[PDB]
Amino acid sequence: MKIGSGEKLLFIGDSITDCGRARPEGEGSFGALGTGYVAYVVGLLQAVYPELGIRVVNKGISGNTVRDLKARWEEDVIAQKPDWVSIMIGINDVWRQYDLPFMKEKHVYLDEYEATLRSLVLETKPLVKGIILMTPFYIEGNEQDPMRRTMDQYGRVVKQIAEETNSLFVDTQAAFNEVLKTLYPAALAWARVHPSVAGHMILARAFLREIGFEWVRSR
């Protein structure tokens, strides 16, 4: 288990992270964490590692691109003094290009995304014990569907950044791909983006695997 007793773990990203969490604080008291993968991660950690006393804060906000994360980074991340920061961003950065392909101000192309996300990591890295970078995802099995294909570009950048900054790394797309061998997207998500409970569990488990979670701990 990479996360240590007493420490503060802070999630940030878009509606996948937000899931109706409490604003502004995103912390603690039953329901504050929203009802998706963040809440599940904390549930399992508290079920299985109750003694760790891990504080978890949810700063997801629906709609955010990486450009929005940067605008609020100081207040929502730096000022929180986390020990661990988890980031999952990119879906909206990419989606806007496909759902509002003529309101370009709304779009965030790959080169801006990459540099902005590197900027978040590099500002944050000296301040915390660790960063976990979760790729974005599109719940779509064909690699050549245009939005899937774009999304994969952004996920490869995320991996590149995690390798280079020695951040932890979660490839959320690879986790969904495995399940898409059996299920069509409609069974897993709304509009290839908004996951069901099962989708949130896929994300939660992927995240927990990367931080060394044990389902039954090693005596």
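We number the residues from 1 along the sequence you see.
- For the pair 26-34 and 51-59, the mean B factor over Cα atoms is greater in 26-34.
- Look at the C-alpha B-factors of 80-88 and of 98-106. On average they run higher in 98-106.
- Per the PDB entry, 45 shows the highest C-alpha temperature factor of the residues 151, 186, 45, 69.
- Ranked by Cα temperature factor within the chain, residue 130 sits in the middle third according to the deposited record.
- Looking at the C-alpha B-factors along this chain, the one for residue 16 belongs to the lowest third.
- Ranked against the other modelled residues of its chain, the C-alpha B-factor of residue 65 as given in the entry falls in the lowest third.
- Per-chain ranking of the deposited C-alpha B factor places residue 172 in the lowest third.
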